[PDB]
There are 2 protein chains.
Amino acid sequence: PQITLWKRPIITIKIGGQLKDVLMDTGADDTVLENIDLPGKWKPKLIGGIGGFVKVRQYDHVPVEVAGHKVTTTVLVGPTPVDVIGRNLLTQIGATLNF
Amino acid sequence: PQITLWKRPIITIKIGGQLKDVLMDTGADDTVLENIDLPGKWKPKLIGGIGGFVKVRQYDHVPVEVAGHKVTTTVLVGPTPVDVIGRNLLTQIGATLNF
Ligand SMILES: CC(C)CN(C[C@@H](O)[C@H](Cc1ccccc1)NC(=O)O[C@H]1CO[C@H]2OCC[C@H]21)S(=O)(=O)c1ccc(N)cc1
């Protein structure tokens, strides 16, 4: 699809067996969601948001389906006011910003 | 132009007689810049992100130039660690996401 930006660019992905609505965020390096149920081990990561640096859980090799592509990706889980998919996943699906 | 996302999408904008490097950010509802003095009246706003709320000043109808287009636009000014242009300005220049 080609999406204009008058509305927030939200799409539905499948992650850890669940459908989740997520904002496509070109200013995010990483994909971050709050309070999702992902199995297995994780490591601590510190990310810097607009308000400061925040501790999150980093899950590697997570199967996601986005825009009908099935990939594996890194997913961070932690306090965020919006569940976002960042450039790590947007590049995986070949997304571009056009103008 | 068509920008892939393996890199952060950083463009220059001319504003307030300054040249600033800004992230083109589909996750930001509105542009926010840290180090800049803009003339005139403004209204206080809180914006919400990772790490909590940030207090900003909202300036309306600010002349800027980005991607070769002169427009007037809403600019938020406050202590963001990274300057971004948001969907308000991206829509004024016809930016879209494609995947
Ligand atoms: C979290 C989003 C809903 C909102 N943010 C825009 C977002 O693109 C920020 C923009 C951003 C970028 C860098 C530093 C601060 C803010 N990126 C961000 O927080 O990304 C985090 C996830 O990946 C990591 O890589 C970058 C920081 C981490 S935001 O900066 O809080 C923001 C909120 C409201 C407005 N009007 C403008 C910006």
Side-chain angles (χ1 to χ4, degrees), chain A residues 3 5-11 13 15 20-36 44-60 62 64 73-92 95 97, chain B residues 3 5-11 13 15 20-36 38 42-60 62 64 66 73-92 95 97:
Chain A
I3 306 300
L5 290 174
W6 300 104
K7 294 169 67 56
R8 286 180 193 102
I10 299 164
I11 61 179
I13 63 168
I15 176 169
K20 292 298 282 191
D21 294 350
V22 291
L23 175 68
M24 292 179 76
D25 188 347
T26 56
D29 296 348
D30 305 318
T31 287
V32 191
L33 292 94
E34 185 164 294
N35 182 45
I36 54 171
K45 189 182 165 70
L46 186 71
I47 56 175
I50 200 177
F53 290 87
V54 175
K55 295 172 206 218
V56 305
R57 294 186 175 190
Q58 173 176 335
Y59 290 90
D60 295 337
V62 178
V64 173
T73 196
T74 299
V75 173
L76 307 188
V77 178
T80 176
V82 178
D83 297 334
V84 297
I85 60 178
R87 288 187 304 88
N88 73 306
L89 188 50
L90 291 170
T91 192
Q92 295 179 257
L97 185 65
Chain B
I3 305 302
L5 290 170
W6 75 275
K7 288 192 179 171
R8 306 179 181 105
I10 296 176
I11 193 165
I13 65 173
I15 176 177
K20 300 204 89 70
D21 291 3
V22 294
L23 182 52
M24 303 180 79
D25 190 355
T26 64
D29 286 333
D30 293 282
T31 297
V32 55
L33 306 176
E34 46 200 289
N35 62 64
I36 194 179
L38 294 178
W42 48 268
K43 45 198 168 129
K45 304 292 181 168
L46 271 190
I47 61 182
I50 291 164
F53 297 128
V54 174
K55 300 184 52 183
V56 301
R57 300 183 173 191
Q58 174 175 323
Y59 289 90
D60 295 333
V62 180
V64 305
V66 58
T73 192
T74 304
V75 176
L76 306 179
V77 177
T80 177
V82 169
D83 289 351
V84 308
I85 56 172
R87 291 190 297 101
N88 68 312
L89 183 53
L90 293 171
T91 58
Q92 288 176 263
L97 274 166

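The figures here come from the full heavy-atom set of this structure, side chains too, leaving out hydrogens, waters and symmetry mates. Residue numbering restarts at 1 for every chain, and letters A, B, ... go by the order of the sequence lines. Note that ligands are numbered from 1 as they come in the structure, with each ligand's atoms numbered from 1 the same way.
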Locate the shortest heavy-atom distance separating [X] from [Y]; write the atom from each residue and the value.
X	Y	result
B:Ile3	B:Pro9	CG2-CB, 4.2 Å
A:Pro79	A:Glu34	CA-OE1, 3.4 Å
A:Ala28	A:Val84	CB-CG2, 4.4 Å

Subject >> side-chain contact (heavy atoms from CB on, under 4.5 Å) partner of B:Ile85, chosen from B:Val32, B:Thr73, B:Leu90 >> reply: B:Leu90
Subject >> Residue part near ligand 1, for A:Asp25, under 4.0 Å between non-hydrogen atoms >> reply: side chain
**OP:** Check each heavy atom of B:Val32 against ligand 1 and say whether those closer than 4.0 Å belong to the side chain, the backbone, both or neither.
**Re:** side chain
Which ligand 1 atoms, with their elements, are less than 4.0 angstrom from a heavy-atom of [X]?
X	result
B:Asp30	35 (C), 36 (N), 37 (C)
B:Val82	13 (C), 14 (C)
B:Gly49	31 (O)

Original post:
Taking atom 33 (C) of ligand 1 as the point of reference, which of B:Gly48, B:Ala28, A:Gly78, B:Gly78 owns the nearest heavy atom?
Top reply: B:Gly48
Subject >> Of the listed options A:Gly86, A:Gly51, A:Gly27, B:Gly51, closest to atom 11 (C) of ligand 1 (non-hydrogen atoms) >> reply: A:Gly27
Original post:
Got a sec: does the CG of B:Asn35 have more than 12 other heavy atoms crowding it under 6.0 Å?
Top reply: yes
Subject >> atom 25 (O) of ligand 1: the protein heavy-atom neighbour that sits closest, reported with distance to 0.1 Å >> reply: A:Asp29 N, 2.9 Å
**OP:** Among all protein heavy atoms, pick the one closest to atom 19 (O) of ligand 1 and tell me residue, atom and distance.
**Re:** B:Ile50 CD1, 3.8 Å
Original post:
Taking N or O atoms only and a 3.5 Å limit, does A:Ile47 qualify as a polar contact for ligand 1?
Top reply: no
**OP:** Evaluate the criterion side-chain hydrogen bond (donor to acceptor under 3.5 Å, both in side chains) for residue pair A:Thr74 and A:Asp30; output intermediate values, then yes/no.
**Re:** CA-CA 8 Å; A:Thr74 299; A:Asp30 305 318; over 6 Å; no
Original post:
Is a side-chain donor or acceptor of A:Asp83 paired with a backbone partner of A:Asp21 at a separation under 3.5 angstrom?
Top reply: no
